[PDB]
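Visitor: Got a structure for you, work-v8.tsv, holding TSV, C-alpha atoms.
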```
chain	number	residue	atom	x	y	z
U	2	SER	CA	27.19	64.36	46.87
U	3	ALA	CA	23.40	63.39	46.80
U	4	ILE	CA	23.92	61.72	43.40
U	5	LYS	CA	25.76	58.43	43.34
U	6	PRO	CA	27.93	57.14	40.42
U	7	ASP	CA	25.25	54.54	39.50
U	8	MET	CA	21.57	55.47	39.71
U	9	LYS	CA	18.30	53.73	38.94
U	10	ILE	CA	15.52	55.33	36.85
U	11	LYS	CA	11.72	54.74	37.05
U	12	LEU	CA	9.34	56.54	34.66
U	13	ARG	CA	5.67	56.70	33.53
U	14	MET	CA	4.61	58.68	30.51
U	15	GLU	CA	0.97	59.46	29.66
U	16	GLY	CA	0.06	61.15	26.49
U	17	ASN	CA	-1.94	61.68	23.35
U	18	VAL	CA	-0.74	62.20	19.74
U	19	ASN	CA	-3.30	63.21	17.10
U	20	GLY	CA	-6.16	61.88	19.36
U	21	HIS	CA	-4.36	58.54	20.17
U	22	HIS	CA	-4.00	57.88	24.00
U	23	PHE	CA	-1.15	55.78	25.41
U	24	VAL	CA	0.63	54.97	28.66
U	25	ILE	CA	4.33	53.84	28.66
U	26	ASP	CA	6.49	52.59	31.59
U	27	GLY	CA	10.27	52.76	31.84
U	28	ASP	CA	12.93	51.17	33.98
U	29	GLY	CA	16.59	52.13	33.50
U	30	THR	CA	19.99	52.78	35.06
U	31	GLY	CA	22.71	55.31	34.38
U	32	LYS	CA	26.03	56.91	35.29
U	33	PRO	CA	25.43	60.64	35.95
U	34	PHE	CA	29.11	61.63	36.03
U	35	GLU	CA	29.81	59.81	32.72
U	36	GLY	CA	26.75	61.29	30.98
U	37	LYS	CA	25.27	57.90	30.00
U	38	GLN	CA	21.84	56.40	30.62
U	39	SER	CA	19.77	53.56	29.26
U	40	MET	CA	16.14	52.52	29.65
U	41	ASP	CA	13.80	49.65	28.93
U	42	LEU	CA	10.36	50.90	27.82
U	43	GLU	CA	7.07	49.00	27.62
U	44	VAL	CA	3.85	50.39	26.12
U	45	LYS	CA	1.12	49.54	28.75
U	46	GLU	CA	-2.01	51.05	27.02
U	47	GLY	CA	-2.97	52.07	23.51
U	48	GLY	CA	-0.50	49.80	21.63
U	49	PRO	CA	0.43	49.18	18.96
U	50	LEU	CA	1.17	52.93	18.53
U	51	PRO	CA	0.02	54.35	15.17
U	52	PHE	CA	2.87	56.97	14.99
U	53	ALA	CA	6.73	56.90	14.82
U	54	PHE	CA	8.13	55.91	18.27
U	55	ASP	CA	11.06	58.28	17.53
U	56	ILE	CA	9.05	61.44	18.25
U	57	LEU	CA	8.87	60.36	21.92
U	58	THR	CA	12.42	59.31	22.70
U	59	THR	CA	14.00	62.58	23.97
U	60	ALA	CA	11.07	62.79	26.47
U	61	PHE	CA	12.23	59.52	28.07
U	65	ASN	CA	17.01	64.05	32.31
U	66	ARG	CA	20.11	66.30	31.83
U	67	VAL	CA	21.47	65.10	35.22
U	68	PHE	CA	23.02	62.31	33.00
U	69	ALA	CA	25.50	64.66	31.25
U	70	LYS	CA	29.26	64.91	31.85
U	71	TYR	CA	29.99	68.45	33.08
U	72	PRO	CA	33.58	69.85	33.32
U	73	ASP	CA	34.55	71.75	36.52
U	74	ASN	CA	34.47	75.09	34.77
U	75	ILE	CA	30.68	75.05	33.95
U	76	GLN	CA	28.01	75.29	36.77
U	77	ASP	CA	26.05	71.94	36.81
U	78	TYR	CA	22.50	73.21	37.43
U	79	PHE	CA	21.00	69.65	37.21
U	80	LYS	CA	23.10	67.83	39.72
U	81	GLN	CA	22.84	70.89	42.04
U	82	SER	CA	18.99	70.49	41.85
U	83	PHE	CA	18.95	67.26	43.89
U	84	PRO	CA	17.75	65.93	46.22
U	85	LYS	CA	14.62	68.15	45.72
U	86	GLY	CA	14.74	67.79	41.88
U	87	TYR	CA	13.63	69.91	38.92
U	88	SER	CA	11.10	70.03	36.17
U	89	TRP	CA	11.35	70.74	32.44
U	90	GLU	CA	9.02	71.85	29.71
U	91	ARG	CA	9.65	71.33	26.02
U	92	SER	CA	8.11	72.45	22.72
U	93	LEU	CA	8.84	70.44	19.52
U	94	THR	CA	8.02	72.32	16.31
U	95	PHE	CA	8.24	70.14	13.19
U	96	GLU	CA	8.77	71.60	9.71
U	97	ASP	CA	5.37	70.22	8.41
U	98	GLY	CA	3.19	71.76	11.21
U	99	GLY	CA	3.24	68.87	13.70
U	100	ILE	CA	3.62	70.31	17.22
U	101	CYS	CA	4.37	68.63	20.53
U	102	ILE	CA	4.35	69.82	24.11
U	103	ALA	CA	6.14	67.65	26.76
U	104	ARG	CA	6.98	67.98	30.44
U	105	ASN	CA	8.77	65.94	33.10
U	106	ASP	CA	8.67	66.42	36.87
U	107	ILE	CA	11.80	64.76	38.25
U	108	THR	CA	12.21	63.62	41.90
U	109	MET	CA	14.78	61.40	43.69
U	110	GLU	CA	14.22	58.76	46.48
U	111	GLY	CA	17.37	56.97	47.61
U	112	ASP	CA	19.34	55.76	44.61
U	113	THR	CA	16.35	56.21	42.16
U	114	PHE	CA	15.08	59.09	39.94
U	115	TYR	CA	11.28	59.13	39.44
U	116	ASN	CA	9.91	60.88	36.29
U	117	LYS	CA	6.28	61.88	35.76
U	118	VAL	CA	6.15	62.61	31.99
U	119	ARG	CA	3.31	64.06	29.89
U	120	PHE	CA	3.47	64.16	26.12
U	121	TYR	CA	0.89	65.89	23.82
U	122	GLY	CA	1.17	66.15	20.04
U	123	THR	CA	-1.13	67.43	17.36
U	124	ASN	CA	-1.36	68.52	13.75
U	125	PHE	CA	0.73	65.76	12.26
U	126	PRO	CA	-0.53	65.23	8.66
U	127	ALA	CA	-1.99	61.76	8.08
U	128	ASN	CA	0.25	61.33	5.07
U	129	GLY	CA	3.43	62.54	6.82
U	130	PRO	CA	6.54	60.56	8.01
U	131	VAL	CA	5.32	60.48	11.68
U	132	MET	CA	1.83	59.06	11.00
U	133	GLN	CA	3.17	56.76	8.20
U	134	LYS	CA	6.07	55.44	10.41
U	135	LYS	CA	8.85	56.44	8.03
U	136	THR	CA	11.51	57.66	10.52
U	137	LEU	CA	14.92	55.99	11.15
U	138	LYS	CA	16.74	58.02	13.88
U	139	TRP	CA	17.60	61.43	15.41
U	140	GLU	CA	20.98	62.77	14.13
U	141	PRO	CA	23.51	63.65	16.96
U	142	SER	CA	23.41	67.38	17.72
U	143	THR	CA	24.26	70.28	20.09
U	144	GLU	CA	21.90	71.94	22.58
U	145	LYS	CA	22.68	75.64	23.23
U	146	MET	CA	22.12	76.49	26.95
U	147	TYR	CA	21.52	80.19	27.95
U	148	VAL	CA	19.44	82.16	30.37
U	149	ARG	CA	16.35	84.03	29.19
U	150	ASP	CA	14.45	86.22	31.68
U	151	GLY	CA	15.82	84.30	34.60
U	152	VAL	CA	15.08	80.84	33.18
U	153	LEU	CA	17.63	78.29	31.93
U	154	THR	CA	16.74	77.51	28.31
U	155	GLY	CA	18.11	74.94	25.86
U	156	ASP	CA	17.63	75.32	22.10
U	157	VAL	CA	18.54	72.80	19.42
U	158	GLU	CA	17.59	72.23	15.78
U	159	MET	CA	17.10	68.53	15.49
U	160	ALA	CA	16.91	66.32	12.37
U	161	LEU	CA	15.04	63.02	11.99
U	162	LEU	CA	16.60	60.83	9.24
U	163	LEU	CA	13.74	59.42	7.11
U	164	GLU	CA	13.62	56.49	4.73
U	165	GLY	CA	14.57	57.71	1.25
U	166	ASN	CA	17.62	59.66	2.55
U	167	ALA	CA	15.75	62.78	3.53
U	168	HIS	CA	15.72	64.58	6.92
U	169	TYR	CA	12.65	65.89	8.73
U	170	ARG	CA	13.51	68.96	10.86
U	171	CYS	CA	12.31	70.00	14.27
U	172	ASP	CA	13.07	72.93	16.56
U	173	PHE	CA	13.30	72.05	20.27
U	174	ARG	CA	13.05	74.61	23.08
U	175	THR	CA	13.21	73.35	26.71
U	176	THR	CA	12.99	75.35	29.86
U	177	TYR	CA	14.51	73.90	33.02
U	178	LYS	CA	13.64	74.92	36.59
U	179	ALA	CA	15.03	73.68	39.94
U	180	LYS	CA	12.39	73.01	42.68
U	181	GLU	CA	14.53	74.72	45.42
U	182	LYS	CA	14.81	78.51	45.07
U	183	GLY	CA	18.30	79.87	45.04
U	184	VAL	CA	20.03	77.18	42.95
U	185	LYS	CA	22.37	79.51	40.92
U	186	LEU	CA	21.95	79.60	37.17
U	187	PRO	CA	24.86	78.54	34.96
U	188	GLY	CA	26.59	80.68	32.34
U	189	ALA	CA	25.79	79.97	28.66
U	190	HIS	CA	27.28	76.67	27.33
U	191	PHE	CA	26.67	73.63	24.97
U	192	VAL	CA	25.57	70.06	25.39
U	193	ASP	CA	26.45	67.54	22.68
U	194	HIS	CA	24.15	64.58	22.71
U	195	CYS	CA	23.15	61.42	20.86
U	196	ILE	CA	20.10	59.22	21.42
U	197	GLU	CA	19.68	55.73	19.86
U	198	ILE	CA	17.11	52.94	19.87
U	199	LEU	CA	19.27	49.93	20.77
U	200	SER	CA	16.66	47.18	20.21
U	201	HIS	CA	12.88	46.85	19.67
U	202	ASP	CA	10.15	44.32	19.05
U	203	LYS	CA	7.84	44.26	16.03
U	204	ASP	CA	5.57	47.26	16.82
U	205	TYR	CA	7.86	49.07	19.24
U	206	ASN	CA	5.82	47.84	22.27
U	207	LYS	CA	9.19	46.98	23.99
U	208	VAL	CA	12.17	49.26	23.29
U	209	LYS	CA	15.65	49.74	24.73
U	210	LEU	CA	16.88	53.35	24.57
U	211	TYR	CA	20.35	54.91	25.13
U	212	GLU	CA	21.66	58.55	25.50
U	213	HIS	CA	25.20	59.96	25.83
U	214	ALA	CA	25.53	63.73	26.66
U	215	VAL	CA	28.68	65.93	27.34
U	216	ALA	CA	28.68	69.67	28.31
U	217	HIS	CA	31.44	71.95	26.90
U	218	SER	CA	32.21	75.59	26.15
U	219	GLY	CA	32.69	75.42	22.33
```
Take the structure I supplied and represent it as C-alpha cells, if you would.

Guide:
Amino acid sequence: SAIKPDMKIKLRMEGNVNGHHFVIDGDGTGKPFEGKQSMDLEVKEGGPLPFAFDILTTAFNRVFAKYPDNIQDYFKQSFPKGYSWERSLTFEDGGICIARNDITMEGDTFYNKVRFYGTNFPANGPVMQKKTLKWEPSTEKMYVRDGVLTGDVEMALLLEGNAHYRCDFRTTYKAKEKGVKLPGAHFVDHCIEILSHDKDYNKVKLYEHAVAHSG
C-alpha cells in the first residue's frame, strides 16, 4: 500500500468571494483507513475575512474515509499519482461557489492546490453578515455519470436564530492515472467541525470524519 496509516497534509488555497481576495495555508495530519483528518489553517493574505469562514471548510480529500472491503475505494487506488476534484456549491439565496483541488503525494505527505471562487452572496445575507454556526452532518451519494464519479449532497448550514441555510453540493472526482476502475454507487456519511478559532477566524483548527457504506 502507497498510503500509510498516518499521513501528513500540506495545503494552500487561493480565492476570491464577492470580490474579496485571500490566501490560506494549512498543515494537518490524518488516518486514511480510519476516515479521520484534522488541519490547522492560517489566513496569510486578505484577513480578517469579511464572510463566514464556514463556506470554505469542505474545500480544506476523500482518501480520508473508511471504506469497507465490499466497495471499490477509488481514492486510495488513485495514489501515488493522485486525483483532482471539482465542486459546485449552490446556496438557496443565489450565492454560488466553484472550488477545485489538485491532490498529489510525496512520501508520507499529501499536497493540495485549492482554488475557491464565490459570487452573488447578498450583502445582507448570513454569509456576508457572518451569521453561520456549523454544517449539519450529512450523506454524500456517490454514482457514476457519463463515465465520471460524482458525489451529490444537500447540505444545511445552521444559522443563528435556529434557522438553516441550504446548499446543494455536486463534486466530480477524477484519478490522474487512466484505467483506475470506477466504483459502484454508494454513500459517504460525513461530519465537519471547527474545533477552535481565534477572534476573526485568522487561525482555525478543522476536523472531518467520513465513513463509506451501502445504505

Visitor: Output as AutoDock Vina command-line options the centre and edge lengths (Å, one decimal) of the box along x, y and z of the file that holds every listed atom of stretch 42-56 of chain U after adding 4 Å on each side.

Guide:
```
--center_x 4.0 --center_y 55.2 --center_z 21.8 --size_x 22.0 --size_y 20.4 --size_z 21.9
```

Visitor: Taking only C-alpha atoms into account, name the residue in U:191, U:34, U:177, U:89 that is nearest to residue U:60.

Guide: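 Checking each candidate against residue U:60, we get U:89 as the closest.
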
Visitor: Using all atoms listed in the file, which residue out of U:171, U:91, U:198, U:189 lies closest to residue U:74?

Guide: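 Closest residue, counting all atoms listed in the file: U:189.
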
Visitor: Name the closest residue to residue U:18 among the candidates U:69, U:100, U:4, U:93; distances are taken between atoms, counting all atoms listed in the file.

Guide: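 Among the listed residues, U:100 lies closest to residue U:18.
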
Visitor: Which is closer to residue U:169 than all the others in U:37, U:138, U:5, U:185, using all atoms listed in the file?

Guide: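 Ranking U:37, U:138, U:5, U:185 by distance to residue U:169, first place goes to U:138.
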
Visitor: Using all atoms listed in the file, find the one residue out of U:105, U:182, U:154, U:28 that sits nearest to residue U:82.

Guide: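 For residue U:82, the nearest of the given residues is U:182.
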
Visitor: Can you work out which one of U:14, U:152, U:184, U:109 has the shortest atom-to-atom distance to residue U:67, counting only C-alpha atoms?

Guide: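 Closest candidate: U:109.
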
Visitor: Please work out which residues fall within 6 Å of (-1.0, 63.5, 25.1), coordinates as given in the file, with all atoms listed in the file counting, and return them as a PDB file with C-alpha atoms, in the coordinates of the input.

Guide:
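Full text of part_17.pdb as output:
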```pdb
ATOM      1  CA  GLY U  16       0.060  61.150  26.490  1.00  0.00           C
ATOM      2  CA  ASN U  17      -1.940  61.680  23.350  1.00  0.00           C
ATOM      3  CA  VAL U  18      -0.740  62.200  19.740  1.00  0.00           C
ATOM      4  CA  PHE U 120       3.470  64.160  26.120  1.00  0.00           C
ATOM      5  CA  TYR U 121       0.890  65.890  23.820  1.00  0.00           C
TER       6      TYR U 121
END
```

Visitor: Rounded to one decimal place, report the atom CA of residue U:197-atom CA of residue U:83 distance in Å.

Guide: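 Going from atom CA of residue U:197 over to atom CA of residue U:83 covers 26.7 Å.
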
Visitor: Please list as a PyMOL selection string every residue within 10 Å of residue U:194, counting all atoms listed in the file and excluding residues in the same chain fewer than 5 positions away.

Guide: chain U and resi 36-37+69+140-144+212-216

Visitor: Deliver the residues from the most recent selection as a file, using C-alpha atoms, as a PDB file, keeping the file's coordinate frame.

Guide:
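Okay, part18.pdb is ready:
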```pdb
ATOM      1  CA  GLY U  36      26.750  61.290  30.980  1.00  0.00           C
ATOM      2  CA  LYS U  37      25.270  57.900  30.000  1.00  0.00           C
ATOM      3  CA  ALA U  69      25.500  64.660  31.250  1.00  0.00           C
ATOM      4  CA  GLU U 140      20.980  62.770  14.130  1.00  0.00           C
ATOM      5  CA  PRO U 141      23.510  63.650  16.960  1.00  0.00           C
ATOM      6  CA  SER U 142      23.410  67.380  17.720  1.00  0.00           C
ATOM      7  CA  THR U 143      24.260  70.280  20.090  1.00  0.00           C
ATOM      8  CA  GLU U 144      21.900  71.940  22.580  1.00  0.00           C
ATOM      9  CA  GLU U 212      21.660  58.550  25.500  1.00  0.00           C
ATOM     10  CA  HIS U 213      25.200  59.960  25.830  1.00  0.00           C
ATOM     11  CA  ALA U 214      25.530  63.730  26.660  1.00  0.00           C
ATOM     12  CA  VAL U 215      28.680  65.930  27.340  1.00  0.00           C
ATOM     13  CA  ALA U 216      28.680  69.670  28.310  1.00  0.00           C
TER      14      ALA U 216
END
```

Visitor: Rounded to one decimal in Å, what is the spacing between atom CA of residue U:205 and atom CA of residue U:57?

Guide: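 Here the two named atoms are 11.6 Å from each other.
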
Visitor: Just the residues within 8 Å of residue U:147, please, counting only C-alpha atoms, with nothing from its chain fewer than 3 positions along; format it as a ChimeraX atom specification.

Guide: /U:153-155,187-190

Visitor: For residue U:9, find every residue with an atom within 10 Å (counting all atoms listed in the file), except residues of its own chain fewer than 5 positions away, and show them as a list in words.

Guide: residues 28, 29, 30, 31, 32, 38, 39, 40, 109, 110, 111, 112, 113, 114 and 115 of chain U

Visitor: Fewer than 6 positions away in the same chain doesn't count, so skip those; otherwise give me all residues within 12 Å of residue U:204, counting only C-alpha atoms, as a list in words.

Guide: residues 43, 44, 47, 48, 49, 50, 51, 52, 53, 54 and 134 of chain U

Visitor: In Å, rounded to a single decimal, give me how far atom CA of residue U:201 is from atom CA of residue U:97.

Guide: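 Atom-to-atom, atom CA of residue U:97 to atom CA of residue U:201, that is 27.0 Å.
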
Visitor: Excluding residue U:208 and any residue of its chain fewer than 6 positions from it, enumerate the residues within 6 Å of it, using all atoms listed in the file, and give them as a PDB file with C-alpha atoms, in the frame of the given file.

Guide:
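The resulting file, out.pdb, is shown below:
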```
ATOM      1  CA  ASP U  41      13.800  49.650  28.930  1.00  0.00           C
ATOM      2  CA  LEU U  42      10.360  50.900  27.820  1.00  0.00           C
ATOM      3  CA  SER U 200      16.660  47.180  20.210  1.00  0.00           C
ATOM      4  CA  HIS U 201      12.880  46.850  19.670  1.00  0.00           C
TER       5      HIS U 201
END
```
